[PDB]
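Chemist: Starting off with a structure, shown below.
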Amino acid sequence: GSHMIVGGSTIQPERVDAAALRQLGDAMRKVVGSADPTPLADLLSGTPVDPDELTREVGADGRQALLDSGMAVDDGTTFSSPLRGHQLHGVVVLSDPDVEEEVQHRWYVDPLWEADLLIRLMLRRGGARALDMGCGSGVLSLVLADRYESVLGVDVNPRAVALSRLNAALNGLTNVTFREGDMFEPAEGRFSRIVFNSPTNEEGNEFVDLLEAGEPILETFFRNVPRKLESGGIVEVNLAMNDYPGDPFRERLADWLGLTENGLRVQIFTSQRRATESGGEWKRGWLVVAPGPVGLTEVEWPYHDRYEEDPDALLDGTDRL
Ligand SMILES: NC[C@H]1O[C@H](O[C@H]2[C@H](O)[C@@H](O[C@H]3O[C@H](CO)[C@@H](O)[C@H](N)[C@H]3O)[C@H](N)C[C@@H]2N)[C@H](N)[C@@H](O)[C@@H]1O
Ligand SMILES: Nc1ncnc2c1ncn2[C@@H]1O[C@H](CSCC[C@H](N)C(=O)O)[C@@H](O)[C@H]1O
C-alpha cells in the first residue's frame, strides 16, 4: 500500500489474561538483552521464527497470548513481531523498531531514542504521585513505579496507551495507570513528580507530527505546570530549545512558568547546540524544576557525550548540581 506502515499495528493487551501477560513478561526477562537469541528474544528483535521453537520456550498459551495481544503475527510459516524488546533499569519494554521518518505511521511510538539516557539523568528520589506526560511505550512510567505510590502516564496516541498498558502488564506492575488524552486534560489533581520526554527536535515552531509537535506544546506544558505541581515537587523535561536574536528560549520559558510570580527554581542543563540561519541557536538539554532559590540558571552539561563514555557517571548528576 502506502509506505508509512511501521507503527500502525493493533495492540490489544486487554484481549489476554493478565497472568498470561506476566508469564510472557517473565519469559522476556530471561532472554531479552542476552546474546545468542532464543526464539522469543529473536522474535522481539524482528526476525521471523518457527512457532514450534517458540512454543517450547513460552508454551502453547504463551504462543496464543502473543497473537491475541498483537505482539506477534502469524504469516503462514513463521511468526514475526512488529515490536522490539528491551530490558533496562529493572523493566522489560516493547516498542516500535527504530526506522526512518518516511516509513512512520502517525501512531508510531518512540523506539526508545533517549529513554535509557533520561532515566540516568532522573533524580533518584521518590514520593507520592508521579506523572509521565507523553508516556509513549510507558518506559519512564514503569521505572518511576518503583519509587512512587502511583504513576499516571498520559499520551494522545491511543496506540501508545495500549502499548504502555501492555508493558505494565508484562512487568506485572499494579500501581501504574495510563490514560488517553491531550496533555494535562486527563491528569486530575496535583503531582509530586512530573516527567516529560517532549516531542521536540528540529521542527522549531512548526507542528510536524506526534513526535515533533513544535514549541507550542512546550508552552502549554509549562504554562499549566504550576497548577499541576505539588509544593516541593519536581519537574524534569527533555527538550529542544531555539534561541533567536534578541529572543532567547529561556525568557519565553520564564513567562510561561510565571517564574517569579510562582517562586520557581529552574535549571537548564544544555548538552548539544548548533548555530542556525537566523543567527540564533538550536539546543538540546535537560530542564529541572525543583525546590530552592527563585530563579533560572543555565549550564553546559555535555551528557550525551558522557553517556557514550560511561553511562553510570550520569547517576545522581543533577543531584550533585
Ligand atoms: N539515527 C536515526 C534516527 O534519527 C532520528 O532520531 C532522532 C530522535 O528523533 C531524537 O529523539 C528526540 O527527538 C524526537 C523527535 O524527533 C522526540 O520525539 C524525542 N522525545 C526526542 O528524544 C534523538 N534525540 C536523536 C535521534 N537522532 C529520526 N527521527 C529517527 O527516525 C531515525 O531512525
Ligand atoms: N498533546 C499531547 N498530549 C500528550 N502526549 C503527547 C501530545 N503530543 C505528543 N505527545 C506524546 O509525547 C511523546 C513524546 S516521545 C517520549 C515517549 C516516552 N516517554 C519515552 O521516553 O520513550 C509521544 O508518545 C507523543 O505521542
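Chain labels run A, B, ... following the order of the C-alpha cells; each chain numbers its residues from 1, and ligands are numbered from 1 in the order shown.
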Once DSSP has gone over the backbone, tell me which residues of region 224-304 of chain A are in strand (DSSP E), as an NGL selection string.

Modeler: :A and (229-243 or 265-275 or 281-290 or 295-300)

Chemist: Could the residues of chain A that have an atom at most 9 Å from ligand 2 be listed as CSV, each with its closest atom pair and the distance in Å to one decimal, counting only C-alpha atoms and all ligand atoms and ordered by chain and ascending residue number?

Modeler:
residue,atom,partner,partner_atom_place_in_ligand_line,distance
A:95,CA,ligand 2,22 (O),8.6
A:107,CA,ligand 2,26 (O),7.4
A:108,CA,ligand 2,26 (O),8.2
A:109,CA,ligand 2,24 (O),5.8
A:110,CA,ligand 2,22 (O),5.1
A:111,CA,ligand 2,22 (O),6.6
A:112,CA,ligand 2,22 (O),4.6
A:113,CA,ligand 2,22 (O),6.7
A:114,CA,ligand 2,21 (O),6.3
A:115,CA,ligand 2,21 (O),4.5
A:116,CA,ligand 2,21 (O),8.3
A:118,CA,ligand 2,21 (O),7.6
A:119,CA,ligand 2,21 (O),8.7
A:132,CA,ligand 2,19 (N),6.8
A:133,CA,ligand 2,5 (N),5.8
A:134,CA,ligand 2,12 (O),3.3
A:135,CA,ligand 2,19 (N),3.8
A:136,CA,ligand 2,24 (O),3.5
A:137,CA,ligand 2,18 (C),5.8
A:138,CA,ligand 2,18 (C),6.1
A:139,CA,ligand 2,22 (O),5.9
A:140,CA,ligand 2,19 (N),5.8
A:141,CA,ligand 2,19 (N),7.8
A:153,CA,ligand 2,19 (N),8.6
A:154,CA,ligand 2,4 (C),5.7
A:155,CA,ligand 2,5 (N),3.8
A:156,CA,ligand 2,4 (C),4.5
A:157,CA,ligand 2,26 (O),4.8
A:158,CA,ligand 2,26 (O),8.4
A:159,CA,ligand 2,26 (O),8.8
A:160,CA,ligand 2,24 (O),6.2
A:161,CA,ligand 2,24 (O),8.7
A:180,CA,ligand 2,4 (C),7.8
A:181,CA,ligand 2,3 (N),6.2
A:182,CA,ligand 2,3 (N),3.9
A:183,CA,ligand 2,3 (N),3.5
A:184,CA,ligand 2,3 (N),7.2
A:185,CA,ligand 2,3 (N),8.4
A:195,CA,ligand 2,19 (N),8.2
A:196,CA,ligand 2,19 (N),6.5
A:197,CA,ligand 2,16 (C),4.6
A:198,CA,ligand 2,14 (C),4.9
A:199,CA,ligand 2,14 (C),4.3
A:200,CA,ligand 2,14 (C),7.9
A:209,CA,ligand 2,9 (C),7.8
A:210,CA,ligand 2,9 (C),4.4
A:211,CA,ligand 2,25 (C),5.2
A:212,CA,ligand 2,9 (C),7.5
A:213,CA,ligand 2,8 (N),6.3
A:217,CA,ligand 2,1 (N),6.8
A:238,CA,ligand 2,21 (O),8.8

Chemist: Using only C-alpha atoms and all ligand atoms, can you tell me which of A:171, A:45, A:34, A:104 comes closest to ligand 1?

Modeler: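 Closest candidate: A:104.
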
Chemist: With distances taken over only C-alpha atoms and all ligand atoms, which of A:37, A:285, A:186, A:258 is nearest to ligand 1?

Modeler: A:285

Chemist: Taking the DSSP secondary structure from the backbone, can you list the residues of region 26-164 of chain A that are alpha helix (DSSP H), as a CSV table (one decimal) with N, CA, C and O atoms, in the first residue's frame?

Modeler:
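Saved the output as out-v3.csv:
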chain,number,residue,atom,x,y,z
A,26,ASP,N,7.9,-12.7,32.1
A,26,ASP,CA,8.9,-13.4,32.8
A,26,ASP,C,9.8,-14.2,31.8
A,26,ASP,O,11.0,-14.2,32.0
A,27,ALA,N,9.2,-14.8,30.8
A,27,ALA,CA,10.0,-15.4,29.7
A,27,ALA,C,10.9,-14.3,29.1
A,27,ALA,O,12.1,-14.6,28.8
A,28,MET,N,10.4,-13.1,29.0
A,28,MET,CA,11.2,-12.0,28.4
A,28,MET,C,12.4,-11.5,29.2
A,28,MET,O,13.4,-11.2,28.7
A,29,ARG,N,12.2,-11.5,30.6
A,29,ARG,CA,13.3,-11.2,31.5
A,29,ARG,C,14.4,-12.1,31.3
A,29,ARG,O,15.6,-11.7,31.5
A,30,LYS,N,14.1,-13.4,31.1
A,30,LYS,CA,15.2,-14.4,30.9
A,30,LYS,C,16.1,-14.2,29.7
A,30,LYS,O,17.3,-14.4,29.7
A,31,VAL,N,15.5,-13.7,28.5
A,31,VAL,CA,16.2,-13.8,27.3
A,31,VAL,C,16.4,-12.5,26.5
A,31,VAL,O,17.3,-12.4,25.7
A,39,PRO,N,14.4,-18.3,20.6
A,39,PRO,CA,13.3,-18.0,19.8
A,39,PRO,C,12.5,-16.7,20.2
A,39,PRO,O,12.2,-15.8,19.3
A,40,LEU,N,12.2,-16.6,21.5
A,40,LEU,CA,11.4,-15.4,21.9
A,40,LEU,C,12.3,-14.1,21.8
A,40,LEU,O,11.7,-13.0,21.5
A,41,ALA,N,13.6,-14.2,22.1
A,41,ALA,CA,14.4,-13.0,22.0
A,41,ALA,C,14.6,-12.6,20.6
A,41,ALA,O,14.7,-11.4,20.2
A,42,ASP,N,14.7,-13.5,19.7
A,42,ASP,CA,14.9,-13.3,18.2
A,42,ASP,C,13.5,-12.7,17.6
A,42,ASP,O,13.6,-11.9,16.7
A,43,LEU,N,12.4,-13.2,18.1
A,43,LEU,CA,11.1,-12.7,17.7
A,43,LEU,C,11.0,-11.2,18.0
A,43,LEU,O,10.5,-10.4,17.2
A,51,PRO,N,7.1,-21.2,15.1
A,51,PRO,CA,6.2,-21.2,16.3
A,51,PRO,C,6.5,-22.5,17.0
A,51,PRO,O,6.2,-22.5,18.3
A,52,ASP,N,6.9,-23.6,16.4
A,52,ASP,CA,7.3,-24.8,17.1
A,52,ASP,C,8.4,-24.5,18.1
A,52,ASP,O,8.2,-24.8,19.3
A,53,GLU,N,9.4,-23.8,17.7
A,53,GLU,CA,10.5,-23.4,18.6
A,53,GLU,C,10.0,-22.5,19.6
A,53,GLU,O,10.4,-22.6,20.8
A,54,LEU,N,9.2,-21.5,19.2
A,54,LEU,CA,8.6,-20.5,20.1
A,54,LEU,C,7.7,-21.1,21.2
A,54,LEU,O,7.6,-20.7,22.3
A,55,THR,N,7.0,-22.2,20.8
A,55,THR,CA,6.1,-22.9,21.7
A,55,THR,C,6.9,-23.6,22.9
A,55,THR,O,6.5,-23.5,24.0
A,56,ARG,N,8.0,-24.3,22.6
A,56,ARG,CA,8.8,-24.9,23.6
A,56,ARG,C,9.3,-23.9,24.6
A,56,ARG,O,9.6,-24.3,25.7
A,57,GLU,N,9.5,-22.6,24.2
A,57,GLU,CA,10.0,-21.6,25.1
A,57,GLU,C,9.0,-20.8,25.9
A,57,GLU,O,9.4,-20.3,27.0
A,58,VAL,N,7.8,-20.7,25.5
A,58,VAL,CA,6.8,-19.9,26.2
A,58,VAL,C,5.4,-20.7,26.4
A,58,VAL,O,4.5,-20.1,27.0
A,59,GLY,N,5.3,-21.9,25.8
A,59,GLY,CA,4.1,-22.6,25.9
A,59,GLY,C,3.1,-22.3,24.9
A,59,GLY,O,3.1,-21.3,24.2
A,60,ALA,N,2.1,-23.2,24.7
A,60,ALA,CA,1.0,-23.0,23.7
A,60,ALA,C,0.2,-21.8,24.1
A,60,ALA,O,-0.3,-21.2,23.2
A,61,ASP,N,0.0,-21.6,25.4
A,61,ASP,CA,-0.8,-20.5,25.8
A,61,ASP,C,0.0,-19.2,25.5
A,61,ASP,O,-0.6,-18.3,24.9
A,62,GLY,N,1.3,-19.2,25.9
A,62,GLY,CA,2.2,-18.1,25.6
A,62,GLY,C,2.2,-17.7,24.1
A,62,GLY,O,2.2,-16.6,23.7
A,63,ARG,N,2.2,-18.8,23.3
A,63,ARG,CA,2.1,-18.6,21.8
A,63,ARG,C,0.8,-17.9,21.4
A,63,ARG,O,0.8,-17.1,20.5
A,64,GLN,N,-0.3,-18.3,22.0
A,64,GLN,CA,-1.6,-17.7,21.7
A,64,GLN,C,-1.7,-16.3,22.3
A,64,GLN,O,-2.3,-15.4,21.6
A,65,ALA,N,-1.1,-16.1,23.4
A,65,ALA,CA,-1.1,-14.8,24.1
A,65,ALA,C,-0.4,-13.7,23.2
A,65,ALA,O,-0.8,-12.6,23.2
A,66,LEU,N,0.7,-14.2,22.5
A,66,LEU,CA,1.4,-13.3,21.6
A,66,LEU,C,0.5,-12.9,20.4
A,66,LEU,O,0.6,-11.7,20.0
A,67,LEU,N,-0.2,-13.8,19.9
A,67,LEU,CA,-1.1,-13.5,18.8
A,67,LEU,C,-2.3,-12.6,19.2
A,67,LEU,O,-2.7,-11.7,18.5
A,68,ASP,N,-2.9,-13.0,20.4
A,68,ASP,CA,-4.1,-12.2,20.8
A,68,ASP,C,-3.8,-10.8,21.3
A,68,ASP,O,-4.7,-9.9,21.1
A,69,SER,N,-2.6,-10.6,21.8
A,69,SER,CA,-2.2,-9.2,22.3
A,69,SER,C,-1.7,-8.4,21.1
A,69,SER,O,-1.7,-7.1,21.2
A,115,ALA,N,15.4,7.2,26.2
A,115,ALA,CA,14.8,6.8,27.4
A,115,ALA,C,15.9,6.2,28.4
A,115,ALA,O,15.8,6.6,29.6
A,116,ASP,N,16.8,5.4,27.9
A,116,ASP,CA,17.8,4.9,28.8
A,116,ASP,C,18.6,6.0,29.4
A,116,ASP,O,18.9,6.0,30.6
A,117,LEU,N,19.0,7.0,28.6
A,117,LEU,CA,19.7,8.1,29.0
A,117,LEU,C,19.0,9.0,30.0
A,117,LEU,O,19.5,9.3,31.1
A,118,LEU,N,17.7,9.4,29.7
A,118,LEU,CA,16.9,10.2,30.6
A,118,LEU,C,16.7,9.6,31.9
A,118,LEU,O,16.8,10.2,33.0
A,119,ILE,N,16.5,8.2,31.9
A,119,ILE,CA,16.4,7.5,33.2
A,119,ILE,C,17.6,7.7,34.1
A,119,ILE,O,17.5,7.8,35.3
A,120,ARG,N,18.8,7.8,33.4
A,120,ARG,CA,20.0,8.0,34.2
A,120,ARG,C,20.2,9.5,34.7
A,120,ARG,O,20.9,9.7,35.7
A,121,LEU,N,19.5,10.4,34.0
A,121,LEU,CA,19.5,11.8,34.4
A,121,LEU,C,18.5,12.0,35.6
A,121,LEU,O,18.7,13.0,36.3
A,139,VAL,N,7.8,3.5,29.1
A,139,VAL,CA,9.1,3.1,29.7
A,139,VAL,C,9.4,4.0,31.0
A,139,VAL,O,9.8,3.4,32.0
A,140,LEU,N,9.2,5.3,30.9
A,140,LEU,CA,9.5,6.1,32.1
A,140,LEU,C,8.6,5.8,33.2
A,140,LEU,O,9.0,5.8,34.4
A,141,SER,N,7.3,5.6,32.9
A,141,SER,CA,6.3,5.3,33.9
A,141,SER,C,6.7,4.0,34.7
A,141,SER,O,6.5,3.9,35.9
A,142,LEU,N,7.2,3.0,33.9
A,142,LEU,CA,7.4,1.7,34.6
A,142,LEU,C,8.6,1.8,35.6
A,142,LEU,O,8.6,1.1,36.6
A,143,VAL,N,9.5,2.7,35.3
A,143,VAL,CA,10.7,2.8,36.1
A,143,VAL,C,10.3,3.6,37.4
A,143,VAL,O,10.6,3.1,38.5
A,144,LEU,N,9.7,4.7,37.3
A,144,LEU,CA,9.2,5.5,38.4
A,144,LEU,C,8.2,4.8,39.3
A,144,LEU,O,8.1,5.1,40.5
A,158,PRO,N,-3.4,6.8,20.9
A,158,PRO,CA,-4.1,5.7,21.6
A,158,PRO,C,-3.3,4.4,21.4
A,158,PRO,O,-3.4,3.5,22.3
A,159,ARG,N,-2.5,4.2,20.4
A,159,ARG,CA,-1.6,3.1,20.3
A,159,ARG,C,-0.6,3.1,21.4
A,159,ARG,O,-0.3,2.0,22.0
A,160,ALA,N,-0.1,4.2,21.8
A,160,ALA,CA,0.9,4.3,22.8
A,160,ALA,C,0.3,4.0,24.2
A,160,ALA,O,1.0,3.5,25.1
A,161,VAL,N,-1.0,4.3,24.4
A,161,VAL,CA,-1.7,4.0,25.6
A,161,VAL,C,-1.8,2.5,25.8
A,161,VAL,O,-1.6,1.9,26.9
A,162,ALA,N,-2.2,1.8,24.7
A,162,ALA,CA,-2.4,0.4,24.6
A,162,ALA,C,-1.0,-0.3,24.9
A,162,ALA,O,-0.9,-1.3,25.6
A,163,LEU,N,0.0,0.3,24.3
A,163,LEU,CA,1.4,-0.3,24.4
A,163,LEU,C,1.9,-0.1,25.8
A,163,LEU,O,2.4,-1.1,26.4
A,164,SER,N,1.7,1.1,26.4
A,164,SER,CA,2.0,1.3,27.8
A,164,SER,C,1.3,0.3,28.7
A,164,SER,O,1.9,-0.3,29.6

Chemist: Between A:78, A:207, A:168, A:145, which residue has the minimum interatomic distance to ligand 1, considering only C-alpha atoms and all ligand atoms?

Modeler: A:207

Chemist: Using only C-alpha atoms, pick whichever of A:44, A:103, A:8, A:50 has the shortest atom-to-atom distance to residue 86 (chain A).

Modeler: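 With only C-alpha atoms as the atom set, the closest residue is A:44.
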
Chemist: Find the residues near residue 87 (chain A): any atom within 7 Å, counting only C-alpha atoms, skip ones fewer than 4 places away on the same chain, and give them as a PyMOL selection string.

Modeler: chain A and resi 32-33+91-93

Chemist: Of the candidates A:84, A:274, A:165, A:304, which one gets nearest to ligand 1 if we count only C-alpha atoms and all ligand atoms?

Modeler: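 The answer is A:304, which sits nearest to ligand 1.
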
Chemist: Of the candidates A:187, A:170, A:204, A:318, which shows the shortest atom-to-atom distance to residue 225 (chain A), using only C-alpha atoms?

Modeler: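 For residue 225 (chain A), the nearest of the given residues is A:187.
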